Amino acid sequence: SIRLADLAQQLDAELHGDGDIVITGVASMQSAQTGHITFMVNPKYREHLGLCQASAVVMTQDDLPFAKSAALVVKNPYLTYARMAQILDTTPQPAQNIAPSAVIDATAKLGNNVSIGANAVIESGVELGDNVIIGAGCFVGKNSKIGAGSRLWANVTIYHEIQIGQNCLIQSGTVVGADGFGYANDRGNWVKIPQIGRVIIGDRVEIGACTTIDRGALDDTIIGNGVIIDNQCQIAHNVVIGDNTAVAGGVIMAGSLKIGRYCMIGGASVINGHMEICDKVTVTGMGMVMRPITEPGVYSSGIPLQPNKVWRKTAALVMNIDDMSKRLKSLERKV
Amino acid sequence: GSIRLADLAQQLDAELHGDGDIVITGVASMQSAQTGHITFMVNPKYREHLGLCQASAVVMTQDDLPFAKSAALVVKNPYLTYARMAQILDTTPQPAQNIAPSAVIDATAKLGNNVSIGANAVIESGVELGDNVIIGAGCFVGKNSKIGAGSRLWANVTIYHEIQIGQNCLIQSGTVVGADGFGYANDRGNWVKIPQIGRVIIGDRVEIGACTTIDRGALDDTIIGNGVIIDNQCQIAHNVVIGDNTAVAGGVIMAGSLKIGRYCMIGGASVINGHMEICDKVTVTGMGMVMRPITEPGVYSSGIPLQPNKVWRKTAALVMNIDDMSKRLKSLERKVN
Amino acid sequence: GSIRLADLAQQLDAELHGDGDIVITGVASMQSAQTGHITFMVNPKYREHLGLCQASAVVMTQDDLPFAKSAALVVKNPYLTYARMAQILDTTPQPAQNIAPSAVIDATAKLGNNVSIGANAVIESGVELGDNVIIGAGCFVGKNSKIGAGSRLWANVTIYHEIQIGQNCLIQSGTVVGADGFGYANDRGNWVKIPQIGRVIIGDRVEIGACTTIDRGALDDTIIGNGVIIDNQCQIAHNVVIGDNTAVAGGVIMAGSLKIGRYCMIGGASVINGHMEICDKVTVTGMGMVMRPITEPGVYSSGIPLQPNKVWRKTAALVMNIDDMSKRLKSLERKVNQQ
Ligand SMILES: CC1(C)CC(=O)c2c(nc3nn(-c4ccccc4)c(O)c3c2-c2cccs2)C1
Ligand SMILES: CC1(C)CC(=O)c2c(nc3nn(-c4ccccc4)c(O)c3c2-c2cccs2)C1
Ligand SMILES: CC1(C)CC(=O)c2c(nc3nn(-c4ccccc4)c(O)c3c2-c2cccs2)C1
Ligand SMILES: [Mg+2]
Ligand SMILES: [Mg+2]
């Protein structure tokens, strides 16, 4: 719990109402009860703010006239919401202290206040920084290093020789450092290319659940600082992702792709490899990226949904578009 | 477990034609069935082939009966009868039996009657496991989560904190329920984490495949209705709502705050945008690119399917330049008129 | 790990030019290579750059040799030689060594010689592990499953019951082999589970990436042939059959009862529908949408690639209205034909 006056101070918001109100948590506008602080971004929710039963509402100045409760005025309600939710976070830690069922190699190097959950497995030579938390059931492979403040939820797999920076967060089911998909071909038989590169993850990286990030073949797969990656993504060997880029759910990236800084890769996109995407590119969901992207801006692909009866005709016509083109050229020639 | 044919026929509400004392030991395909096996025929084209099936009994319709070359179980719906008899004769093991000494179970967890927990599973404080719940080896169940009676998790399932799972659910290995939704605010180009303090509510009789991820909500909850079936490798984002009885095939990727109605069918590898609604009784065919709300029931499709590469090159180049083609058509139309 | 250059050259069937007594400690990229490293050159545009490479030896072709600024191993196939020398000098650790005290192993399991089982792995009753099999930490191997000699599972792999895996396979972490196929009957709108009592049969020398799922069959079996390579995040549905030496890149989804032949190459993020067959020696390029059987070898493709969003908006609008474009074209043809 926190006093509304103290919360507004920490949030650099200006308070309009009883600063002695006690805030115990954050809630949506529709669910907020007494003690909750909430927020609004869309002006449509103005007309019925009197129906919201939160103790306080984070809003802008243009919103204040419509307020029907204590209000914290800020320039950016959504960012203030992020900050106040961190202050009022109820999320537990993946582990507390080192569990007696954890299996930790005697050559592991552990900092202070490291927590390791039940049945986690820590291999030889692993370095865990101060305040690192390893969840139940994780595996951390030989000589990997995890920087101070980083946290793995339950059942994360880190392979060997992996480097992870400070204050990262990796959700369950994710695998960092599996072999890249590298094979030579000897007369039709695949010949494995050992993948002896690594994965380097920077600081403040968040990776979702059941995402896979392969190690490089010789040099490294690199995730920049401040990158956020959603669930179900595949980051192939020797991919390089620039700082602060965001990758939404289910994105598949091929080997040796380079993505710049401040990019936004939409859900379920497919990005081919051995090419570069420049800074400040947005690919919208399901984008089929076949060529380098050299200019910033928003890019898209795909023919959207239609009723099935309509789609049948659309697809058949598109598949015969060469014949349509030939007929147009012939008609131009004749006219 | 072996069963007399007459008893199996009674449990299936089938009409027995043949020796009720035949002992059935399992279910098999028509081509693999041997003595002791029961099988089924759904396709009357195989009537002439039944003499090649070595099953001790065959489930079939009344129209099929004159063609039988074995004891027959006559039913109205051979396919449904097959599902029922396979359940009766199921050889699938349980994920665990009893409580393994290597499992780590917080003292405050509440176990119902006849709960089984497999080797090296981890059960956090405040967890409640209903009667007959089975947790597979190596699972994690997070703080205060509740799993209803008869639900079963295979090995290596991850349930986060404050998750509610109904009765008689089944969750395959590698699945993660309740990870953080993809919630971040942007501050001058830096991403600022939004704690995801909502939950996941999973209803009764829900089946979830392997390596599927269902994220918790930001403030309110991600909700999966009763009787929903979800295949492998699906992504259900934070604050998605999936209505009762909907089926989601493999590899479907859903964005945040999507609401899918009841009785929908979402084909494999579809991609569904967020902050929008799909009404009841909608079918999206495979690889559907769902970018806008769907407000009428029925069948919807997208995608330009495969062609020989030489042909595809022309299709793709012409589509990409279709604006020029459209302009040329208009210009030719004006010249002719 | 260290090996004299002359000995390495002999094991590679390479021709040594330079000091055979050089001690090679590992493999590196041309850009990263330092003393003790061996590297390779596949692209002759780097001949002028070899003086910037500080490897102790470089694998190259006879045509490259005049450009060398180091000991050289001359071979016909630098890329294949690299694969072989990377295997000889492999630094990849094993998933486990010996049998960990924290592993839980059913008394009825049968182990071959020199089996290793990692910490907190769980082995069910009736499992058979062949000689030199390695089971990583935290794995689960379900009842009666059999893993052939030399096969290795990395950490946190799940093998269900009644699964058969061949020799010298390799499965990366997070993968699930033998989960229930997506099988349901329907009773008045209620899904009725169909127990999936078939199996998965995986052949010899199969490599499977991370977080891939391969479901068991409904009655008969899901089958992966010998020498198949499957990348990460793939989905192989119940009763799929994949022929020998086929490669499947990352994120491919295959629906039930698909049959893929031998020597196929399935590009990343492709979607392959089921109850159909793809013949031998078919290449599906990335993101391919396969709706019909493929009966002739060769290369097949689908998809409309990326455009700037403002351009894409117009493209999508025109395509969605392509039927009207077709009707206008036919009408203009009748006019030009004087009808
Ligand atoms: C990173 C952020 C804070 C902001 C953001 O821009 C974003 C976010 N979540 C998304 N989910 N999906 C998605 C998921 C599944 C299917 C389809 C789409 C996107 O495409 C998402 C995007 C993007 C839009 C355009 C480029 S990235 C949250
Ligand atoms: C649930 C059910 C008993 C019936 C059903 O409706 C269904 C089933 N299995 C499927 N597999 N795939 C699939 C998987 C991967 C790639 C491509 C396709 C579908 O699209 C499937 C569908 C659906 C078709 C259209 C909408 S849902 C079995
Ligand atoms: C097996 C091999 C040594 C050779 C090979 O053929 C191949 C390889 N890696 C790939 N990655 N991706 C990919 C991954 C993610 C997104 C987009 C593309 C492909 O499509 C790949 C392919 C293929 C190309 C065409 C058919 S298979 C490595
Ligand atoms: Mg243990
Ligand atoms: Mg996908």
Side-chain angles (χ1 to χ4, degrees), chain B residues 26-29 31-32 79-80 82-84 86-87 90-93 100 102 118-120 136-138 154-156 170 172-174 207 209-211 227 229 231-233 245 247 249-251 263 268-269 286-287 303-309 312-313 316 319-320 322-323 326 329 332-333 336, chain C residues 102 104 120 122 138 140 142-143 156 158 160-161 174 176 179-180 182 184-187 189-197 211 213 215 219-220 233 235 237 253 255 271 273 284-285 288-292 294 298-305 307 311 314-315 318-319 325 328-329 332 335-336:
Chain B
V27 183
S29 69
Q31 53 275 34
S32 298
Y79 197 59
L80 179 57
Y82 152 55
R84 301 291 190 187
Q87 289 188 20
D90 192 358
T91 55
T92 306
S102 64
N120 283 315
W154 273 108
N156 299 330
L170 181 62
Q172 309 285 328
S173 300
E207 303 227 344
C211 290
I229 55 177
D231 199 355
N232 295 5
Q233 308 252 7
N245 286 7
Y263 327 112
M287 213 175 182
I304 312 300
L306 216 70
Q307 293 174 301
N309 173 263
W312 168 80
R313 294 171 178 237
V319 170
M320 294 181 67
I322 190 170
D323 187 48
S326 168
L329 181 61
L332 203 57
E333 284 178 336
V336 170
Chain C
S102 61
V104 178
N120 280 318
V122 178
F140 175 82
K143 290 183 182 294
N156 298 333
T158 303
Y160 277 63
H161 54 287
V176 178
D180 281 340
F182 199 50
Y184 298 87
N186 191 285
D187 181 8
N190 310 289
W191 301 112
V192 179
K193 185 178 179 70
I194 297 171
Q196 301 282 296
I197 61 172
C211 288
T213 57
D215 289 346
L219 286 171
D220 294 319
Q233 303 280 358
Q235 164 172 147
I253 300 177
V271 179
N273 287 281
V284 177
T285 55
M289 183 194 187
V290 190
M291 293 185 77
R292 296 153 303 243
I294 303 169
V299 182
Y300 302 79
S301 307
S302 68
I304 310 305
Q307 300 179 293
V311 174
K314 183 67 173 181
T315 298
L318 287 170
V319 169
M325 185 177 299
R328 295 166 56 204
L329 183 62
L332 192 62
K335 289 189 184 67
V336 177

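Proteins come first, then strands; the chains are lettered A, B, ... in the order of their sequence lines, and each starts at number 1. We use all heavy atoms of the structure for the numbers below, so side chains are in, but hydrogens, waters and symmetry mates are not.
Side chains of B/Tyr82 and C/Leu219 form a contact here, defined as non-hydrogen atoms less than 4.5 Å apart. Contact annotation: the side chain of C/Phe182 never approaches that of B/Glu207 to less than 4.5 Å [non-hydrogen atoms, C-beta and beyond].
Here C/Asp187 is the residue among C/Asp187, C/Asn186, C/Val290, C/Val284 with the most heavy-atom pairs under 4.5 Å with chain B. No other option in C/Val311, C/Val336, C/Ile304, C/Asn156 has as many heavy-atom pairs under 4.5 Å with chain B as C/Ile304. Per-residue counts of heavy-atom pairs under 4.5 Å with chain C were compared for B/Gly268, B/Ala316, B/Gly250; the largest is that of B/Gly250. For chain C, the option among B/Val27, B/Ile229, B/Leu332 with the highest count of heavy-atom pairs below 4.5 Å is B/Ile229. With chain C as the partner, the residue from B/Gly286, B/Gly209, B/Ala269 showing the most heavy-atom pairs under 4.5 Å is B/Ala269. Most heavy-atom pairs under 4.5 Å with chain B: of the set C/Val192, C/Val104, C/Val271, C/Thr285, this distinction falls to C/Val192. Ranking C/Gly298, C/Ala237, C/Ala185 against chain B, the residue ahead of the rest is C/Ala185, based on heavy-atom pairs under 4.5 Å. With chain C as partner, the option from B/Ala155, B/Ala100, B/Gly138, B/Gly26 having the largest number of non-hydrogen pairs under 4.5 angstrom is B/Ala155. Of the listed residues B/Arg84, B/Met287, B/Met320, the one with more heavy-atom pairs under 4.5 angstrom with chain C than any other is B/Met320. For chain B, the option among C/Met289, C/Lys314, C/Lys335 with the highest count of heavy-atom pairs below 4.5 Å is C/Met289.
With ring centers used as reference points, B/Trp312 lies 6.0 Å or more from C/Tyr300.
Heavy-atom distances place the side chain of C/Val176, and not its backbone, under 4.5 Å from chain B. Only the side chain of B/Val336 comes within less than 4.5 Å of a heavy atom of chain C; its backbone N, CA, C and O stay farther away. Contact annotation for B/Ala119: both backbone and side-chain heavy atoms come within less than 4.5 Å of a heavy atom of chain C. Heavy-atom distances place the side chain of C/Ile253, and not its backbone, under 4.5 Å from chain B. Heavy-atom distances place the side chain of C/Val122, and not its backbone, under 4.5 Å from chain B. For a residue to count as touching a neighbouring chain, one of its non-hydrogen atoms must lie under 4.5 Å from one of that chain's; by this rule B/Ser173 touches chain C with backbone and side chain alike. Within the 4.5 angstrom heavy-atom criterion, no atom of C/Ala255 approaches chain B. Only the side chain of C/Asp220 comes within contact range of chain B, with at least one heavy atom under 4.5 Å from a heavy atom of that chain. Neither the backbone nor the side chain of B/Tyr263 comes within contact range of chain C; no heavy atom of the residue lies under 4.5 Å from a heavy atom of that chain.
A pairwise comparison of heavy atoms in C/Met291 and B/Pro305 identifies SD-CB, 3.7 Å as the closest pair. When all heavy atoms of B/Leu306 and C/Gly288 are compared, the closest pair comes out as CD1-CA, 3.9 Å. Minimum heavy-atom separation, B/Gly227 to C/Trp191: O-CD1, 3.2 Å. The nearest pair of heavy atoms linking C/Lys193 to B/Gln87 is O-NE2, 2.9 Å. Contact between C/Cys211 and B/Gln233 at its shortest, heavy atoms only, is O-NE2, 2.9 Å. What you find for B/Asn245 and C/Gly189 is that their closest heavy atoms are ND2-O, 3.1 Å.
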- Message: Show, in sequence, the C-alpha distance, side-chain angles and deciding distance for B/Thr91 and C/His161, and conclude whether the side-chain contact (heavy atoms from CB on, under 4.5 Å) test is met.
- Response: CA-CA 10 Å; B/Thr91 55; C/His161 54 287; over 6 Å; no
- Item | B/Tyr79 and C/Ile194: CA distance, side-chain angles, deciding distance, side-chain contact (heavy atoms from CB on, under 4.5 Å) verdict | CA-CA 10 Å; B/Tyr79 197 59; C/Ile194 297 171; 3.4 Å; yes
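For the atom pair CG of C/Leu318 and CD1 of B/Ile322, the computed distance is 5.0 Å after rounding to the nearest 0.5 Å. Atom-to-atom distance recorded for C/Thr158:OG1 and B/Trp154:CH2 is 11.0 Å, nearest 0.5 angstrom.
Contacts of B/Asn232 classified as side-chain hydrogen bond (donor to acceptor under 3.5 Å, both in side chains), with partners at least two apart in sequence or in another chain: C/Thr213, C/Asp215. In this structure, the salt bridge (charged side-chain N to carboxylate O under 4.0 Å, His left out) partners of B/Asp323, at least two apart in sequence or on a different chain, are B/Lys327.
Between the side chain of B/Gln307 and the main chain of C/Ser301, no donor-acceptor pair closer than 3.5 Å is present.
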